[PDB]
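Only one chain is shown below, in C-alpha cells, and it's the form deposited in one PDB entry.
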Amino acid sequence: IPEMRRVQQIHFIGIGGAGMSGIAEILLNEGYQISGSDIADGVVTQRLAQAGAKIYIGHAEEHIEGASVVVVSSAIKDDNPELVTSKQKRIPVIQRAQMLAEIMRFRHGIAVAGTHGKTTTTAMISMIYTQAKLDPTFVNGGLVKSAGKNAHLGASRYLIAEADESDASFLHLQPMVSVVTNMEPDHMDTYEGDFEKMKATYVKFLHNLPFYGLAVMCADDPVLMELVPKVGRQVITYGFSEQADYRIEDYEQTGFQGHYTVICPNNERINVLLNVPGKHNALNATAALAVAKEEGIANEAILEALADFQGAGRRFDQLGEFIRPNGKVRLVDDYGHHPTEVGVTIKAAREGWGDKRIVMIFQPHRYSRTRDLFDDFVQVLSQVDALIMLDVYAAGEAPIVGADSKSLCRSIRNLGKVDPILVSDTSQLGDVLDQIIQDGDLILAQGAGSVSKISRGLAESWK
C-alpha cells in the first residue's frame, strides 16, 4: 500500500459521519495527519481526537489550514465555509466514496452493496476474514461490535467495505468482489423516483468489477435475478431459493441464534450456528459464507466467526438485561426505520421471545417518510404488545401536518390492536416504561434517529 503523492493532511467535513469516520480512522492509522470538523461532538469524534485527529466542532474556513485534500460528506451543504474556501485555494475536494475508492485502489476490495443488510454483511465478512487470520482492513457503515469501531486498518491487502448506493457514489469503487444483498425502493431522490435508473446504476456498479471479478447476489430477490444476464461477470447466488448456488435449508431460530444448513455448489453441506436472529441474518451470513468459500477460506474460520458473531451496531443490538421494579426486561436497539425492516425486527424478536411481551419504543425518522409510508407504519407498529411513540426525528425537515407521532398514535389507537403512549419528554421514558413493564418484557428501541442514544442513556441509568 503506497502513500498518496503529496498528501500530508486530509481534512474531513462532517468527520463524525458513520462512513466518514471509518475512512478517517484508516488514514490516521496509515500515518496521514487528519483534521476534521463536525457540528456535533460524540463518541466517534472523541475516539478520533484521542487517536490524534485534530477535530473542530462547528464549521470555519480556518479549520482547513494545512489540508492537502478535503473529503466531504453528502450531508454537507454547498454554503459550508470549509467547502467554499477549499475550492478557492485549489485544494482537491472529493466525496467520501472517492476517498474510500482510493483506500480500495491497491487492495483486494470486497464491496457490500444492496438496499438492506449491508452493515451486518460487511461486519460478518470482516469477522470471517479476521478469523481466517487474513487481517483485513474494513470500513463499515456502522459498528462492528467485536471491534468497538466502524473501521480497522489491517496489514493485509484485503478490504471489506460497505458500498453506498444512495448518491450513486459506489460507482467510484473498483472492487474484486461485489455483494448485492437486495434491491428495494430507497433514496429515490438521487434516482428521481426511477426504480429502473437505480437498477441501471447497480448494473453499472457491477461493471466496475474486473472481467475475472465476482458478483455475489441474493437468489431470493427477483429484481437481482432479472439483472444477472446484464452483469457480464461471474455471478454466484445465495439464499433459500432452490436455484441458489449457496442454498440455505432447515432454518430454525432458537432464542436469538440461527441454525441452518448451507448447501454449496459442489453439494458440500455446512451446518451453521449463527449468533444473531432471523432469516434475514441467515441470508446476510450466507452472502458472507459464499464470499469466504469462493475466496478459499476454510469452513473452520467461517463457522467460528458466525457462531461468535457479536453483531453490527444498532442491528438487533442487545443492550442488556435489567431488573426493574415491575419486572426483569431485555433492551435491544435497532436501526430499522422502514416499515418492512421494523417488521423484520419484530419477527426476529417474536421468534426468540416465546410467550413473553414485546414492547417497542419507536421514533419515526422524517415527516416525509412518515407521510409516505403512514398506513404501513400503522400496520407494522400495531403488531407489538405495548408501544411507546417518540416524536418524529425531523432530520432537518419542517413538520408535515398529519405526519407526526400524534397522528400515528391516533391511527394506531383507532386500529385497536395496541394503545400507544406518546412520550415527548424523553427524560420521562424510563418512568413510562417502569409503569408498563411486566416481567420478561423485550423492549425494542426502534428507529434511525436519536432513539439509539436515548435508549443507551436509559440502559446507563438502569445500570
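Residue positions are given as counts along the sequence shown, with the first one as 1.
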Greater mean Cα temperature factor according to the PDB record, 71-79 or 187-195: 187-195
Greater mean Cα temperature factor according to the PDB record, 202-210 or 154-162: 154-162
Out of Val84, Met99, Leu274, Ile110, residue topping the C-alpha B-factor column of the entry: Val84
Top Cα B factor in the deposited entry, candidates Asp372, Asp317, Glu304, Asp355: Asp355
Position of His280 among the chain's modelled residues by C-alpha B-factor, lowest, middle or highest third: lowest
Assigned third (lowest, middle, highest) for the C-alpha B factor of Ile13: lowest
Ranked against its chain, the third holding the CA B-factor of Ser405: highest
CA B-factor placement of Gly19, once the chain's modelled residues are sorted into thirds: highest
For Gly142, the third of its chain into which the C-alpha B factor falls: highest
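Below: the form deposited in another entry, not depicted.
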Two-part rigid motion between the shown form and the other one: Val329 with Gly154: no
